[PDB]
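Step one of this worksheet: look at the structure below.
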Amino acid sequence: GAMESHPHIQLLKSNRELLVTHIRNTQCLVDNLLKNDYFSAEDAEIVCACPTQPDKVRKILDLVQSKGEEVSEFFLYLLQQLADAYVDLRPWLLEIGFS
C-alpha cells in the first residue's frame, strides 16, 4: 500500500531525458552495481536493448527500492550539482509522482 517504496525511482525514470543529459548519469548504475553486485553494465546492457540505458537504470533502482535509488541519485548528482539537483529534486519527485 501507498506505493510501498516507489518515490525517487519513479521520478528518475520519468524525467530520464532531463537527468541523463545533465552530465554523466552513468554514475547511477555503478553505485547500484556496487550495492546490488550484479546490476552492472552487463545487466544494464542486456535489458537496455529495449528501454535503452536510461530506463534500464530505473530497473536497477526499481528492484533495490532503497539503496540503488538513494545512492544513484546521490552519486550522479555528485558529478552534476548536489546543490542544484539534489535540493531541487524534492519538488521534482512530488510533481512527477502524479498521484
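In the C-alpha cells, chains take the letters A, B, ... in the order shown, each chain's residues start at 1, and ligands count up from 1 in the order shown.
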
(Q) Residues near residue 27 of chain A, anyone? I mean within 8 Å using only C-alpha atoms, not counting same-chain ones fewer than 3 positions away, as a list in words. (A) residues 24, 30, 31, 72, 75 and 76 of chain A

Q | alpha helix (DSSP H) per DSSP on the backbone: members of chain A, as a ChimeraX atom specification | A | /A:8-14,16-22,27-36,41-48,52-64,67-80,87-96

Save the residues we just selected, C-alpha atoms, as a PDB file, in the first residue's frame?
ATOM      1  CA  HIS A   8      12.695   8.705  -6.360  1.00  0.00           C
ATOM      2  CA  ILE A   9      12.861   5.704  -8.678  1.00  0.00           C
ATOM      3  CA  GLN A  10       9.628   6.738 -10.330  1.00  0.00           C
ATOM      4  CA  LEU A  11      10.768  10.365 -10.628  1.00  0.00           C
ATOM      5  CA  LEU A  12      14.119   9.478 -12.186  1.00  0.00           C
ATOM      6  CA  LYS A  13      12.681   7.247 -14.916  1.00  0.00           C
ATOM      7  CA  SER A  14      10.014   9.783 -15.891  1.00  0.00           C
ATOM      8  CA  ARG A  16      15.161  10.368 -17.597  1.00  0.00           C
ATOM      9  CA  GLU A  17      15.915  12.667 -20.525  1.00  0.00           C
ATOM     10  CA  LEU A  18      16.284  15.584 -18.145  1.00  0.00           C
ATOM     11  CA  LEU A  19      18.780  13.886 -15.812  1.00  0.00           C
ATOM     12  CA  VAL A  20      20.611  11.852 -18.490  1.00  0.00           C
ATOM     13  CA  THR A  21      21.791  14.983 -20.322  1.00  0.00           C
ATOM     14  CA  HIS A  22      22.762  16.660 -17.015  1.00  0.00           C
ATOM     15  CA  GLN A  27      27.246   7.053 -12.098  1.00  0.00           C
ATOM     16  CA  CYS A  28      23.796   5.823 -11.026  1.00  0.00           C
ATOM     17  CA  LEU A  29      24.362   2.315 -12.304  1.00  0.00           C
ATOM     18  CA  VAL A  30      27.879   1.970 -10.896  1.00  0.00           C
ATOM     19  CA  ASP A  31      26.781   2.806  -7.320  1.00  0.00           C
ATOM     20  CA  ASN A  32      23.887   0.432  -7.922  1.00  0.00           C
ATOM     21  CA  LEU A  33      26.184  -2.314  -9.152  1.00  0.00           C
ATOM     22  CA  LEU A  34      28.348  -1.597  -6.164  1.00  0.00           C
ATOM     23  CA  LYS A  35      25.339  -2.006  -3.889  1.00  0.00           C
ATOM     24  CA  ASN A  36      23.494  -4.849  -5.649  1.00  0.00           C
ATOM     25  CA  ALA A  41      26.992  -2.655 -17.139  1.00  0.00           C
ATOM     26  CA  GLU A  42      26.435  -6.235 -18.334  1.00  0.00           C
ATOM     27  CA  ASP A  43      22.971  -6.470 -16.744  1.00  0.00           C
ATOM     28  CA  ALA A  44      22.325  -2.911 -17.824  1.00  0.00           C
ATOM     29  CA  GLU A  45      23.355  -3.520 -21.442  1.00  0.00           C
ATOM     30  CA  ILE A  46      21.267  -6.674 -21.889  1.00  0.00           C
ATOM     31  CA  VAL A  47      17.986  -5.105 -20.818  1.00  0.00           C
ATOM     32  CA  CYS A  48      18.943  -1.726 -22.366  1.00  0.00           C
ATOM     33  CA  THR A  52      17.522   1.931 -23.674  1.00  0.00           C
ATOM     34  CA  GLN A  53      20.088   2.705 -20.972  1.00  0.00           C
ATOM     35  CA  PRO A  54      18.070   5.335 -19.004  1.00  0.00           C
ATOM     36  CA  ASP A  55      15.019   3.093 -18.424  1.00  0.00           C
ATOM     37  CA  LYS A  56      17.461   0.307 -17.606  1.00  0.00           C
ATOM     38  CA  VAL A  57      18.708   2.299 -14.610  1.00  0.00           C
ATOM     39  CA  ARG A  58      15.132   2.769 -13.408  1.00  0.00           C
ATOM     40  CA  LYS A  59      15.021  -1.021 -13.398  1.00  0.00           C
ATOM     41  CA  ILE A  60      18.095  -1.282 -11.157  1.00  0.00           C
ATOM     42  CA  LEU A  61      16.760   1.135  -8.537  1.00  0.00           C
ATOM     43  CA  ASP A  62      13.323  -0.439  -9.009  1.00  0.00           C
ATOM     44  CA  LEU A  63      14.487  -3.780  -7.641  1.00  0.00           C
ATOM     45  CA  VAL A  64      16.553  -2.191  -4.863  1.00  0.00           C
ATOM     46  CA  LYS A  67      19.830   1.585  -1.745  1.00  0.00           C
ATOM     47  CA  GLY A  68      20.163   1.967  -5.521  1.00  0.00           C
ATOM     48  CA  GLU A  69      17.579   4.720  -5.535  1.00  0.00           C
ATOM     49  CA  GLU A  70      19.372   6.610  -2.756  1.00  0.00           C
ATOM     50  CA  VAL A  71      22.948   6.100  -3.930  1.00  0.00           C
ATOM     51  CA  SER A  72      22.272   6.531  -7.653  1.00  0.00           C
ATOM     52  CA  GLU A  73      20.764   9.987  -7.380  1.00  0.00           C
ATOM     53  CA  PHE A  74      23.434  10.947  -4.866  1.00  0.00           C
ATOM     54  CA  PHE A  75      26.418   9.765  -6.941  1.00  0.00           C
ATOM     55  CA  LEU A  76      25.410  11.020 -10.396  1.00  0.00           C
ATOM     56  CA  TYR A  77      24.497  14.338  -8.759  1.00  0.00           C
ATOM     57  CA  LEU A  78      27.900  14.473  -7.051  1.00  0.00           C
ATOM     58  CA  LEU A  79      29.190  14.947 -10.569  1.00  0.00           C
ATOM     59  CA  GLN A  80      26.248  17.086 -11.707  1.00  0.00           C
ATOM     60  CA  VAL A  87      17.828  20.170  -3.271  1.00  0.00           C
ATOM     61  CA  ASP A  88      15.607  20.830  -6.304  1.00  0.00           C
ATOM     62  CA  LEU A  89      14.889  17.082  -6.503  1.00  0.00           C
ATOM     63  CA  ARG A  90      12.378  17.263  -3.647  1.00  0.00           C
ATOM     64  CA  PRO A  91       9.841  19.227  -5.794  1.00  0.00           C
ATOM     65  CA  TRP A  92      10.789  17.090  -8.819  1.00  0.00           C
ATOM     66  CA  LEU A  93       9.593  13.757  -7.411  1.00  0.00           C
ATOM     67  CA  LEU A  94       6.401  15.046  -5.800  1.00  0.00           C
ATOM     68  CA  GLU A  95       5.274  16.710  -9.014  1.00  0.00           C
ATOM     69  CA  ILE A  96       6.184  13.834 -11.318  1.00  0.00           C
TER      70      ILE A  96
END

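Take atom CA of residue 3 of chain A and atom CA of residue 65 of chain A: the distance between them is 10.9 Å.
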
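Between atom CA of residue 39 of chain A and atom CA of residue 66 of chain A the separation is 14.3 Å.
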
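Relative to atom CA of residue 26 of chain A, atom CA of residue 85 of chain A is found at 15.4 Å.
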
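Minimum atom-to-atom distances from A:97, A:51, A:83, A:38 to residue 7 of chain A were compared using only C-alpha atoms, and the lowest value belongs to A:97.
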